Amino acid sequence: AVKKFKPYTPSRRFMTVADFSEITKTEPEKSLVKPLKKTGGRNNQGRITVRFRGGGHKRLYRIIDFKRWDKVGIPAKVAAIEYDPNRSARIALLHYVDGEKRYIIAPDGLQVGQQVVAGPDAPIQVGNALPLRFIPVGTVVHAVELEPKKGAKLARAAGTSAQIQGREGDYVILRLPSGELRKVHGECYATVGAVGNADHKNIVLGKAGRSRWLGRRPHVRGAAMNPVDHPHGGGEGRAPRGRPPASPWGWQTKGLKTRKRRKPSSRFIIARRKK
Amino acid sequence: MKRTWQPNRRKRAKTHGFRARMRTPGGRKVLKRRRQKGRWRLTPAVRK
RNA sequence: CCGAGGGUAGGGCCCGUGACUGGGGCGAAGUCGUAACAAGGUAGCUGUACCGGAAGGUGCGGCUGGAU
RNA sequence: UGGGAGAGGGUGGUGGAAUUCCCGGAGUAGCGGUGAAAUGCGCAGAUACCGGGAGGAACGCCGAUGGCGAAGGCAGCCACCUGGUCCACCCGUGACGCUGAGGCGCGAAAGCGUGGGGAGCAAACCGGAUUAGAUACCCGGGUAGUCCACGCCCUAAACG
RNA sequence: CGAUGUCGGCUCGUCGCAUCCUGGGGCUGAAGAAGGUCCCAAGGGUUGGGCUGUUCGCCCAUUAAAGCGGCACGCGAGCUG
RNA sequence: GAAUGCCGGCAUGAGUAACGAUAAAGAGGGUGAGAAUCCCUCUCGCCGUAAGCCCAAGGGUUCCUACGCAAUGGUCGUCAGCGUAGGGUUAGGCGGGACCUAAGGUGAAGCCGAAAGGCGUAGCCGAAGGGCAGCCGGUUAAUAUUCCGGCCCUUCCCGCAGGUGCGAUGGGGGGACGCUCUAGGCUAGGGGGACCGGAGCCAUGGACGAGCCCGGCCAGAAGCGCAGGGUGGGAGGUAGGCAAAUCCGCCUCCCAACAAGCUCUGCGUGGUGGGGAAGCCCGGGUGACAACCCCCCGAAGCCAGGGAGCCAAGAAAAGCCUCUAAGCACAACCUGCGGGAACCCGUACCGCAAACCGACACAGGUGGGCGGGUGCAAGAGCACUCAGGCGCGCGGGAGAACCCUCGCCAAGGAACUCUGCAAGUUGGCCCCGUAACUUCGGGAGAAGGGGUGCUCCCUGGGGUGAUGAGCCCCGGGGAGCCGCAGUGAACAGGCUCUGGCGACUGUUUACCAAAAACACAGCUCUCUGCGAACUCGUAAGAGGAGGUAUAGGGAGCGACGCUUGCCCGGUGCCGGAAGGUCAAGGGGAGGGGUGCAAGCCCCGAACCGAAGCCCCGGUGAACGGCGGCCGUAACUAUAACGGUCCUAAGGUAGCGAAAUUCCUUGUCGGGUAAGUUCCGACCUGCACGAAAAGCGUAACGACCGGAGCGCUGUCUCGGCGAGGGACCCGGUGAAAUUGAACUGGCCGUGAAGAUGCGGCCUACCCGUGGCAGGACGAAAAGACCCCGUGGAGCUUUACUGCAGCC
RNA sequence: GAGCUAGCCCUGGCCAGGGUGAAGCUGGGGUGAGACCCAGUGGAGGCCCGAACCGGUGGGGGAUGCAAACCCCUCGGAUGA
Ligand SMILES: [Mg+2]
Ligand SMILES: [Mg+2]
Ligand SMILES: [Mg+2]
Ligand SMILES: [Mg+2]
Ligand SMILES: [Mg+2]
Ligand SMILES: [Mg+2]
Ligand SMILES: [Mg+2]
Ligand SMILES: [Mg+2]
Ligand SMILES: [Mg+2]
Ligand SMILES: [Mg+2]
Ligand SMILES: [Mg+2]
Ligand SMILES: [Mg+2]
Ligand SMILES: [Mg+2]
Ligand SMILES: [Mg+2]
Ligand SMILES: [Mg+2]
Ligand SMILES: [Mg+2]
Ligand SMILES: [Mg+2]
Ligand SMILES: [Mg+2]
Ligand SMILES: [Mg+2]
Ligand SMILES: [Mg+2]
Ligand SMILES: [Mg+2]
Ligand SMILES: [Mg+2]
Ligand SMILES: [Mg+2]
Ligand SMILES: [Mg+2]
Ligand SMILES: [Mg+2]
Ligand SMILES: [Mg+2]
Ligand SMILES: [Mg+2]
Ligand SMILES: [Mg+2]
Ligand SMILES: [Mg+2]
Ligand SMILES: [Mg+2]
Ligand SMILES: [Mg+2]
Ligand SMILES: [Mg+2]
Ligand SMILES: [Mg+2]
Ligand SMILES: [Mg+2]
Ligand SMILES: [Mg+2]
Ligand SMILES: [Mg+2]
Ligand SMILES: [Mg+2]
Ligand SMILES: [Mg+2]
Ligand SMILES: [Mg+2]
Ligand SMILES: [Mg+2]
Ligand SMILES: [Mg+2]
Ligand SMILES: [Mg+2]
Ligand SMILES: [Mg+2]
Ligand SMILES: [Mg+2]
Ligand SMILES: [Mg+2]
Ligand SMILES: [Mg+2]
Ligand SMILES: [Mg+2]
Ligand SMILES: [Mg+2]
Ligand SMILES: [Mg+2]
Ligand SMILES: [Mg+2]
Ligand SMILES: [Mg+2]
Ligand SMILES: [Mg+2]
Ligand SMILES: [Mg+2]
Ligand SMILES: [Mg+2]
Ligand SMILES: [Mg+2]
Ligand SMILES: [Mg+2]
Ligand SMILES: [Mg+2]
Ligand SMILES: [Mg+2]
Ligand SMILES: [Mg+2]
Ligand SMILES: [Mg+2]
Ligand SMILES: [Mg+2]
Ligand SMILES: [Mg+2]
Ligand SMILES: [Mg+2]
Ligand SMILES: [Mg+2]
Ligand SMILES: [Mg+2]
Ligand SMILES: [Mg+2]
Ligand SMILES: [Mg+2]
Ligand SMILES: [Mg+2]
Ligand SMILES: [Mg+2]
Ligand SMILES: [Mg+2]
Ligand SMILES: [Mg+2]
Ligand SMILES: [Mg+2]
Ligand SMILES: [Mg+2]
Ligand SMILES: [Mg+2]
Ligand SMILES: [Mg+2]
Ligand SMILES: [Mg+2]
Ligand SMILES: [Mg+2]
Ligand SMILES: [Mg+2]
Ligand SMILES: [Mg+2]
Ligand SMILES: [Mg+2]
Ligand SMILES: [Mg+2]
Ligand SMILES: [Mg+2]
Ligand SMILES: [Mg+2]
Ligand SMILES: [Mg+2]
Ligand SMILES: [Mg+2]
Ligand SMILES: [Mg+2]
Ligand SMILES: [Mg+2]
Ligand SMILES: [Mg+2]
Ligand SMILES: [Mg+2]
Ligand SMILES: [Mg+2]
Ligand SMILES: [Mg+2]
Ligand SMILES: [Mg+2]
Ligand SMILES: [Mg+2]
Ligand SMILES: [Mg+2]
Ligand SMILES: [Mg+2]
Ligand SMILES: [Mg+2]
Ligand SMILES: [Mg+2]
Ligand SMILES: [Mg+2]
Ligand SMILES: [Mg+2]
Ligand SMILES: [Mg+2]
Ligand SMILES: [Mg+2]
Ligand SMILES: [Mg+2]
Ligand SMILES: [Mg+2]
Ligand SMILES: [Mg+2]
Ligand SMILES: [Mg+2]
Ligand SMILES: [Mg+2]
Ligand SMILES: [Mg+2]
Ligand SMILES: [Mg+2]
Ligand SMILES: [Mg+2]
Ligand SMILES: [Mg+2]
Ligand SMILES: [Mg+2]
Ligand SMILES: [Mg+2]
Ligand SMILES: [Mg+2]
Ligand SMILES: [Mg+2]
Ligand SMILES: [Mg+2]
Ligand SMILES: [Mg+2]
Ligand SMILES: [Mg+2]
Ligand SMILES: [Mg+2]
Ligand SMILES: [Mg+2]
Ligand SMILES: [Mg+2]
Ligand SMILES: [Mg+2]
Ligand SMILES: [Mg+2]
Ligand SMILES: [Mg+2]
Ligand SMILES: [Mg+2]
Ligand SMILES: [Mg+2]
Ligand SMILES: [Mg+2]
Ligand SMILES: [Mg+2]
Ligand SMILES: [Mg+2]
Ligand SMILES: [Mg+2]
Ligand SMILES: [Mg+2]
Ligand SMILES: [Mg+2]
Ligand SMILES: [Mg+2]
Ligand SMILES: [Mg+2]
Ligand SMILES: [Mg+2]
Ligand SMILES: [Mg+2]
Ligand SMILES: [Mg+2]
Ligand SMILES: [Mg+2]
Ligand SMILES: [Mg+2]
Ligand SMILES: [Mg+2]
Ligand SMILES: [Mg+2]
Ligand SMILES: [Mg+2]
Ligand SMILES: [Mg+2]
Ligand SMILES: [Mg+2]
Ligand SMILES: [Mg+2]
Ligand SMILES: [Mg+2]
Ligand SMILES: [Mg+2]
Ligand SMILES: [Mg+2]
Ligand SMILES: [Mg+2]
Ligand SMILES: [Mg+2]
Ligand SMILES: [Mg+2]
Ligand SMILES: [Mg+2]
Ligand SMILES: [Mg+2]
Ligand SMILES: [Mg+2]
Ligand SMILES: [Mg+2]
Ligand SMILES: [Mg+2]
Ligand SMILES: [Mg+2]
Ligand SMILES: [Mg+2]
Ligand SMILES: [Mg+2]
Ligand SMILES: [Mg+2]
Ligand SMILES: [Mg+2]
Ligand SMILES: [Mg+2]
Ligand SMILES: [Mg+2]
Ligand SMILES: [Mg+2]
Ligand SMILES: [Mg+2]
Ligand SMILES: [Mg+2]
Ligand SMILES: [Mg+2]
Ligand SMILES: [Mg+2]
Ligand SMILES: [Mg+2]
Ligand SMILES: [Mg+2]
Ligand SMILES: [Mg+2]
Ligand SMILES: [Mg+2]
Ligand SMILES: [Mg+2]
Ligand SMILES: [Mg+2]
Ligand SMILES: [Mg+2]
Ligand SMILES: [Mg+2]
Ligand SMILES: [Mg+2]
Ligand SMILES: [Mg+2]
Ligand SMILES: [Mg+2]
Ligand SMILES: [Mg+2]
Ligand SMILES: [Mg+2]
Ligand SMILES: [Mg+2]
Ligand SMILES: [Mg+2]
Ligand SMILES: [Mg+2]
Ligand SMILES: [Mg+2]
Ligand SMILES: [Mg+2]
Ligand SMILES: [Mg+2]
Ligand SMILES: [Mg+2]
Ligand SMILES: [Mg+2]
Ligand SMILES: [Mg+2]
Ligand SMILES: [Mg+2]
Ligand SMILES: [Mg+2]
Ligand SMILES: [Mg+2]
Ligand SMILES: [Mg+2]
Ligand SMILES: [Mg+2]
Ligand SMILES: [Mg+2]
Ligand SMILES: [Mg+2]
Ligand SMILES: [Mg+2]
Ligand SMILES: [Mg+2]
Ligand SMILES: [Mg+2]
Ligand SMILES: [Mg+2]
Ligand SMILES: [Mg+2]
Ligand SMILES: [Mg+2]
Ligand SMILES: [Mg+2]
Ligand SMILES: [Mg+2]
Ligand SMILES: [Mg+2]
Ligand SMILES: [Mg+2]
Ligand SMILES: [Mg+2]
Ligand SMILES: [Mg+2]
Ligand SMILES: [Mg+2]
Ligand SMILES: [Mg+2]
Ligand SMILES: [Mg+2]
Ligand SMILES: [Mg+2]
Ligand SMILES: [Mg+2]
Ligand SMILES: [Mg+2]
Ligand SMILES: [Mg+2]
Ligand SMILES: [Mg+2]
Ligand SMILES: [Mg+2]
Ligand SMILES: [Mg+2]
Ligand SMILES: [Mg+2]
Ligand SMILES: [Mg+2]
Ligand SMILES: [Mg+2]
Ligand SMILES: [Mg+2]
Ligand SMILES: [Mg+2]
Ligand SMILES: [Mg+2]
Ligand SMILES: [Mg+2]
Ligand SMILES: [Mg+2]
Ligand SMILES: [Mg+2]
Ligand SMILES: [Mg+2]
Ligand SMILES: [Mg+2]
Ligand SMILES: [Mg+2]
Ligand SMILES: [Mg+2]
Ligand SMILES: [Mg+2]
Ligand SMILES: [Mg+2]
Ligand SMILES: [Mg+2]
Ligand SMILES: [Mg+2]
Ligand SMILES: [Mg+2]
Ligand SMILES: [Mg+2]
Ligand SMILES: [Mg+2]
Ligand SMILES: [Mg+2]
Ligand SMILES: [Mg+2]
Ligand SMILES: [Mg+2]
Ligand SMILES: [Mg+2]
Ligand SMILES: [Mg+2]
Ligand SMILES: [Mg+2]
Ligand SMILES: [Mg+2]
Ligand SMILES: [Mg+2]
Ligand SMILES: [Mg+2]
Ligand SMILES: [Mg+2]
Ligand SMILES: [Mg+2]
Ligand SMILES: [Mg+2]
Ligand SMILES: [Mg+2]
Ligand SMILES: [Mg+2]
Ligand SMILES: [Mg+2]
Ligand SMILES: [Mg+2]
Ligand SMILES: [Mg+2]
Ligand SMILES: [Mg+2]
Ligand SMILES: [Mg+2]
Ligand SMILES: [Mg+2]
Ligand SMILES: [Mg+2]
Ligand SMILES: [Mg+2]
Ligand SMILES: [Mg+2]
Ligand SMILES: [Mg+2]
Ligand SMILES: [Mg+2]
Ligand SMILES: [Mg+2]
Ligand SMILES: [Mg+2]
């Protein structure tokens, strides 16, 4: 339940922060953090290649166990639910009876104190990771590989889901979070449940400051620039686009489809997305 | 106000030093040219 | 010291009046259409929503104070 | 105390019919629609039929002039949770009752916010007709919304 | 055009007279008072305010009167801007 | 002889401006050829969260001493950051290296690129981050945590003794972390003392005093004392920490758990080593056997890796510990002791500045620490003062205009003016009180008031201590006293009403624009299924992102509230396996050349032939667009109503003479004595209108309007006064400019505005203070305007290519 | 050439003092339980006043300047984008 503030500043008026009702451990696992190196949107040539990046809060990267087929048939306990600043989802800490410790992203309804397991035999229960072919048709699912043994790839943001629609050959049919229907191989792993923290979409950043906290520098409208900078540059006063609305680089930002038409995954997209 | 020249021994040698010149093609040509002209100094004096 | 009252400031109530604006009542013989009273020629009323020169219309749900 | 009937309410589950849509087959010069039409759709292969898939909402027969509820209102089926109500026995308390300004709660539809959902239906709106006109009735489309969650609204021919 | 700074204001004047006032007059449809019109006259004077960047103009309150023009539409090596 | 020519030299302006913060000076005595300027003294003034002190960077001898005064110093100079010379910087512990990693850099493996080169994991490099052993005093003209004294400590080597499965780049633990707020106890620092030590002092009317003045400490090894941090112990199992592993991780059991036990810090004490004032008299010495004690305040620093809350979730690696592998257990490690060993570089001095960045000894710029007291609510604010440091490297006069900075002003009080521009008013605190509206926070310091000093008396709580005294932080009551006046000096809001624009805090044209512009949460559309899209790159490779549609890219709109209408004909985009058009290619009716001939060679029609275009659809918070004439009502007027032409459709809601209205100062209304502005209305909207959003909107605003109150030198309308200049004298001494000049007025004339021509008038020669009408004055080869088959930025359905994509 | 300037990355540092007084918490009220109410505690915030620090609104000065952007009075931000 996202929390409101009283209007004791202009920004507190609408600003909303997460409930955090599920976090049980407030400092991370020292053995499972790396220095997350901030780019600022700058590539290896040093160029701003992705714009309006930088200046956000310092973070450590939490290593997340995105395979889980490492540890078939080894039950792990959920010791904690932790805050991760690298993703929207929450993360769960796993003490395997092995003694090995791992983070997975935390599904919805998962409770500290319960036990999860990975493998072809696992119960169809929230938090267990199985190949796609063994999960029954119709069960919602997340952290879904896209190619066998290549790592969980889809439905990893908070609140999201994927649903197993049908089977066909060595392939299962998934309704991804975007509403498209795709073929994914059956040996691809997936984890029972949706991702927790759905209330995430209902957060109101309330002021420009929180955007700067997230590493989001201020975005500038192309209409506000000069023609040397952008297709919408200039005019005397305000000015309609006066040409098909274009990106900074020339291409048309309204409608213009951009996927590769000859991409081999076309033989595996069944239907483009929704809404 | 704050002016353009803010000396900095580490900056001076690292940007214009002999080693910074030797690394790059354009650096060597610098050193070659200033040798051909006969400069008493091939890089800035910086104390270290 | 209290003290009629006077002054300064800010409030609350009331009455009169105001360019213009909102509908309302009434007014022998204006203009428009015909919504209602018959199944009134789309049964009608209704609360609501949207819409239309106007009466009204349509959606939803309800009433019979509806007809055969 | 022991029983009975019931769409009373809330949650989760889940079954089949029909509509639309998508896919495969098969098949061809029309389908649709009306008072008659036309817009519409169809040789870029529709309609009509078979198989396949997804999705939503609404629950045929039973179904009644019936039942339940305080009223609004509640109808596939399953289980959980919960109200009222009636009856029998004549066991207990001993007038503890009636009503009820205020207050509180509930309260069809439509509507409003924030999420989701979207088949069918459909204000608005567009088109075709009709007409003197037709901002209608009739026809082809069609956005809210109808549906889910939570929070508002608190109206009614909320009627016996 | 190897630059003659351009509106308005303020400051400071000075000049012209086709005279707003004051002085002298003739004519009058000048009884008086008060006007009208024309002639002589540049000595002096010719206000304060509201609006507008304004010059102008309109208004307010006055006044003997609230003149009109020239001076690089006088005056930015004088100010304003 | 001219090129605003080039190089140099030298004039003019001119003994002119100026001589760089208005913190300020005067005198005596020295020194010397010479003194406002150097030295010394006394007096005066200035800074004192600095204008004092300590680091850092940068500078690089500038430091100290003797010896100098040509140049440098804005004057002077005997002085100097100047000239000549000599001297001067001392470390195992300070900083850096022989340690560690960060971004980044580099880069065995590898990848890529015509060459040059670009990448890249490890590893290496890389610091103000981590790690690491010295504190106090004395000493030099000048270095001192460095020399020296006192007391401490680190590592390396080697020996000895005891102990132990020893052993590492390997494994693990740890190092190891944000923000706000913060406890307990200390220390830094400070205040007081009637106690302690001191050279003395008694004034000018009083005081020989519980008088005045000064000072009353600092460092310290082990023990101990107080305060904290860190820290479970054992056993069994164990499949994980890429070999192993008694360590670590996971599970089970007893045990110990506000404890404690151990360990590590800070503080105090602590043998001991130091320090020690005013004042007096040549930095010295004395004081002095100096004393070195008590009470209070009290850190933002310390204990610390402390506690709490929060969301935006807060480095790495080494040291250090633990685990074992090869190995080795005659070794090796651990502890303790002893001896020995311990390198390189920096260390002068300036350092908010005369030594650094600004060409200058330049009112500018420069990161960190210390920054004492009193009073004012507090404070690093303000006034004044300690320590300390300065009086700003031209002076002496005079007492004009004018200028700057400043003070006051009779009556009036915005009449000033583009505008109350500016300057007044107001001003902190405590108390009383406080409106519309509102998103319930606010608006609010709204507004408007009362209080404020000093004396005496009575008293409530809090901190220390003890529960008292004392000290100390908040108060309360009563009676009084003085002045024009008690935040008595200094620092310290003018208020209100009402529109427009933008929600807001923010951002911006460095150096003429801070705004209504940008941004902003928020809203919508669109792309993207991951080797994503998109971006940068020839590529490799990066970013995106070690993210995954609740995500990321692009675009417009811009909190919020109520809303966002009609047109898809055209352009775009989206969909469309048919048709049409369409290149290379295929195909080869048929011809052509040549050869005696097989042949060789050439041209070539039908038809098959992608993308794109055509065509069919969709699509507006995609590019965009949203009519004209005529007629009609029983006064008139006007048309709810109709007629017809056109369109892809003819502007809905809301708003409107507006940040938009041309006619225009539209008209009507309010305000005003008077109102082209303002506000409220009306609607013939030249030419509003719905995400280039439409209408509102509390709060906000150095935004732009209109009004009022207060108060004023803004004004009528000016006056006087202050200082810095101007002025005069001594010193130093520029500048733009400049064809030469022996350079008057009028009316004319002249290339059409004449000192220079004509005519006339006027005029002795040369200066000084002033003022600006002229020299079409000066600085600038007009920036407006045009011309050049000049240039550049930008645009697009101009032309033609190219990247990219298909 | 990024020793100025713009943005970002790594690592450090700075922000006197006063004022307002969110959530939560505890108690108390209320209730069937709740909501909510009151007091206290608490110490939130692109909160309020104001130094340092960062700015550069208005005006005056300066204009061959102390300065090729300065000086004075005034004013904006000052725990945060
Ligand atoms: Mg909120
Ligand atoms: Mg609220
Ligand atoms: Mg949570
Ligand atoms: Mg680590
Ligand atoms: Mg990266
Ligand atoms: Mg790189
Ligand atoms: Mg590079
Ligand atoms: Mg480069
Ligand atoms: Mg980008
Ligand atoms: Mg960026
Ligand atoms: Mg998270
Ligand atoms: Mg994410
Ligand atoms: Mg697959
Ligand atoms: Mg969102
Ligand atoms: Mg962040
Ligand atoms: Mg923007
Ligand atoms: Mg622009
Ligand atoms: Mg622009
Ligand atoms: Mg550019
Ligand atoms: Mg271009
Ligand atoms: Mg362009
Ligand atoms: Mg444009
Ligand atoms: Mg513009
Ligand atoms: Mg325009
Ligand atoms: Mg523009
Ligand atoms: Mg537009
Ligand atoms: Mg256009
Ligand atoms: Mg375009
Ligand atoms: Mg593209
Ligand atoms: Mg898709
Ligand atoms: Mg600068
Ligand atoms: Mg320079
Ligand atoms: Mg600098
Ligand atoms: Mg350096
Ligand atoms: Mg350095
Ligand atoms: Mg450097
Ligand atoms: Mg170098
Ligand atoms: Mg380099
Ligand atoms: Mg070479
Ligand atoms: Mg040489
Ligand atoms: Mg040289
Ligand atoms: Mg060089
Ligand atoms: Mg009285
Ligand atoms: Mg009286
Ligand atoms: Mg008639
Ligand atoms: Mg009807
Ligand atoms: Mg009828
Ligand atoms: Mg009817
Ligand atoms: Mg009819
Ligand atoms: Mg209708
Ligand atoms: Mg066919
Ligand atoms: Mg569906
Ligand atoms: Mg009985
Ligand atoms: Mg209701
Ligand atoms: Mg409803
Ligand atoms: Mg039609
Ligand atoms: Mg007809
Ligand atoms: Mg000219
Ligand atoms: Mg010239
Ligand atoms: Mg000129
Ligand atoms: Mg004037
Ligand atoms: Mg007369
Ligand atoms: Mg008469
Ligand atoms: Mg007469
Ligand atoms: Mg006269
Ligand atoms: Mg005027
Ligand atoms: Mg004029
Ligand atoms: Mg006019
Ligand atoms: Mg008269
Ligand atoms: Mg008159
Ligand atoms: Mg005139
Ligand atoms: Mg003339
Ligand atoms: Mg003229
Ligand atoms: Mg003219
Ligand atoms: Mg001027
Ligand atoms: Mg002028
Ligand atoms: Mg001039
Ligand atoms: Mg010649
Ligand atoms: Mg030349
Ligand atoms: Mg010459
Ligand atoms: Mg020359
Ligand atoms: Mg020359
Ligand atoms: Mg010369
Ligand atoms: Mg020479
Ligand atoms: Mg010369
Ligand atoms: Mg001379
Ligand atoms: Mg002169
Ligand atoms: Mg001068
Ligand atoms: Mg002078
Ligand atoms: Mg000067
Ligand atoms: Mg000064
Ligand atoms: Mg002064
Ligand atoms: Mg003297
Ligand atoms: Mg003297
Ligand atoms: Mg001298
Ligand atoms: Mg001398
Ligand atoms: Mg002097
Ligand atoms: Mg002296
Ligand atoms: Mg004396
Ligand atoms: Mg002080
Ligand atoms: Mg130097
Ligand atoms: Mg000399
Ligand atoms: Mg000399
Ligand atoms: Mg000499
Ligand atoms: Mg000199
Ligand atoms: Mg000299
Ligand atoms: Mg000088
Ligand atoms: Mg001498
Ligand atoms: Mg020395
Ligand atoms: Mg030592
Ligand atoms: Mg060595
Ligand atoms: Mg080369
Ligand atoms: Mg390096
Ligand atoms: Mg290193
Ligand atoms: Mg270091
Ligand atoms: Mg050290
Ligand atoms: Mg020591
Ligand atoms: Mg010392
Ligand atoms: Mg000596
Ligand atoms: Mg031994
Ligand atoms: Mg041992
Ligand atoms: Mg061992
Ligand atoms: Mg850690
Ligand atoms: Mg870490
Ligand atoms: Mg750190
Ligand atoms: Mg935070
Ligand atoms: Mg101490
Ligand atoms: Mg004190
Ligand atoms: Mg001690
Ligand atoms: Mg064991
Ligand atoms: Mg094991
Ligand atoms: Mg002695
Ligand atoms: Mg601090
Ligand atoms: Mg600490
Ligand atoms: Mg690292
Ligand atoms: Mg062995
Ligand atoms: Mg042996
Ligand atoms: Mg060595
Ligand atoms: Mg030294
Ligand atoms: Mg300074
Ligand atoms: Mg100095
Ligand atoms: Mg200094
Ligand atoms: Mg110098
Ligand atoms: Mg000086
Ligand atoms: Mg200076
Ligand atoms: Mg002191
Ligand atoms: Mg104070
Ligand atoms: Mg001075
Ligand atoms: Mg000074
Ligand atoms: Mg001076
Ligand atoms: Mg004089
Ligand atoms: Mg006086
Ligand atoms: Mg006065
Ligand atoms: Mg007044
Ligand atoms: Mg007055
Ligand atoms: Mg006025
Ligand atoms: Mg102005
Ligand atoms: Mg004042
Ligand atoms: Mg004050
Ligand atoms: Mg009011
Ligand atoms: Mg109020
Ligand atoms: Mg008000
Ligand atoms: Mg309001
Ligand atoms: Mg309120
Ligand atoms: Mg007040
Ligand atoms: Mg007194
Ligand atoms: Mg104030
Ligand atoms: Mg703004
Ligand atoms: Mg703006
Ligand atoms: Mg707004
Ligand atoms: Mg905004
Ligand atoms: Mg600017
Ligand atoms: Mg500029
Ligand atoms: Mg500039
Ligand atoms: Mg400016
Ligand atoms: Mg601007
Ligand atoms: Mg501003
Ligand atoms: Mg801007
Ligand atoms: Mg913007
Ligand atoms: Mg919005
Ligand atoms: Mg949306
Ligand atoms: Mg590119
Ligand atoms: Mg290449
Ligand atoms: Mg990545
Ligand atoms: Mg907004
Ligand atoms: Mg905008
Ligand atoms: Mg269109
Ligand atoms: Mg179309
Ligand atoms: Mg179209
Ligand atoms: Mg084709
Ligand atoms: Mg168009
Ligand atoms: Mg257009
Ligand atoms: Mg509408
Ligand atoms: Mg107008
Ligand atoms: Mg209008
Ligand atoms: Mg008007
Ligand atoms: Mg308007
Ligand atoms: Mg307009
Ligand atoms: Mg006009
Ligand atoms: Mg008017
Ligand atoms: Mg009026
Ligand atoms: Mg108006
Ligand atoms: Mg009109
Ligand atoms: Mg516009
Ligand atoms: Mg638009
Ligand atoms: Mg508006
Ligand atoms: Mg407003
Ligand atoms: Mg407002
Ligand atoms: Mg503002
Ligand atoms: Mg502003
Ligand atoms: Mg005004
Ligand atoms: Mg006013
Ligand atoms: Mg006034
Ligand atoms: Mg004056
Ligand atoms: Mg004076
Ligand atoms: Mg004289
Ligand atoms: Mg002289
Ligand atoms: Mg000289
Ligand atoms: Mg001559
Ligand atoms: Mg001559
Ligand atoms: Mg002459
Ligand atoms: Mg003359
Ligand atoms: Mg002429
Ligand atoms: Mg002439
Ligand atoms: Mg002459
Ligand atoms: Mg002559
Ligand atoms: Mg002649
Ligand atoms: Mg002549
Ligand atoms: Mg003559
Ligand atoms: Mg004359
Ligand atoms: Mg003279
Ligand atoms: Mg003069
Ligand atoms: Mg002149
Ligand atoms: Mg002049
Ligand atoms: Mg002139
Ligand atoms: Mg000329
Ligand atoms: Mg002139
Ligand atoms: Mg000239
Ligand atoms: Mg110039
Ligand atoms: Mg030229
Ligand atoms: Mg030229
Ligand atoms: Mg020219
Ligand atoms: Mg020029
Ligand atoms: Mg021209
Ligand atoms: Mg041409
Ligand atoms: Mg030509
Ligand atoms: Mg050209
Ligand atoms: Mg060009
Ligand atoms: Mg370079
Ligand atoms: Mg930091
Ligand atoms: Mg601060
Ligand atoms: Mg307060
Ligand atoms: Mg409180
Ligand atoms: Mg709390
Ligand atoms: Mg603030
Ligand atoms: Mg305040
Ligand atoms: Mg300024
Ligand atoms: Mg001012
Ligand atoms: Mg200037
Ligand atoms: Mg300044
Ligand atoms: Mg000031
Ligand atoms: Mg701010
Ligand atoms: Mg502030
Ligand atoms: Mg602050
Ligand atoms: Mg920050």
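Letters go in sequence order (proteins before strands), and every chain restarts at 1. Quick note: numbers below take in every heavy atom, side chains included, and nothing from hydrogens, waters or symmetry partners.
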Handout entry: Any donor-acceptor N/O pair under 3.5 Å between F:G529 base and A:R182 side chain
Key = no
Handout entry: Under-4.0 Å side-chain N/O to phosphate OP1/OP2 contact, A:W251 with F:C805
Key = no
Problem - Which nucleotide in F:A549, F:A519, G:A81 has an atom nearest any side-chain atom of A:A224 - result: F:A519
Exercise for the section: Could you tell me if the ring centre of A:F14 sits under 6.0 Å from that of A:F5? Expected result: no
Handout entry: Minimum-distance nucleotide (side-chain atoms of A:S11 versus F:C119, F:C504, G:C70)
Key = F:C504
Handout entry: Phosphate OP1/OP2 of D:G55: any A:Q165 side-chain N/O under 4.0 Å
Key = yes
Exercise for the section: Tell me, with the steps shown, if A:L181 and A:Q165 meet side chain to side chain contact (heavy atoms under 4.5 Å, CB included). Expected result: CA-CA 8 Å; A:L181 293 172; A:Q165 292 307 101; 3.8 Å; yes
Problem - Partner check F:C320 against F:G175: Watson-Crick or G-U, both under 3.5 Å - result: no
Handout entry: OP1 or OP2 of F:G117 under 4.0 Å from side-chain N/O of B:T24
Key = no
Problem - Donor-acceptor pair (no angle test) under 3.5 Å: A:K207 side chain, F:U505 base - result: no
Exercise for the section: Examine the base of G:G3 for any acceptor or donor lying under 3.5 Å from a partner atom in the side chain of B:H16, and report the outcome as yes or no. Expected result: yes
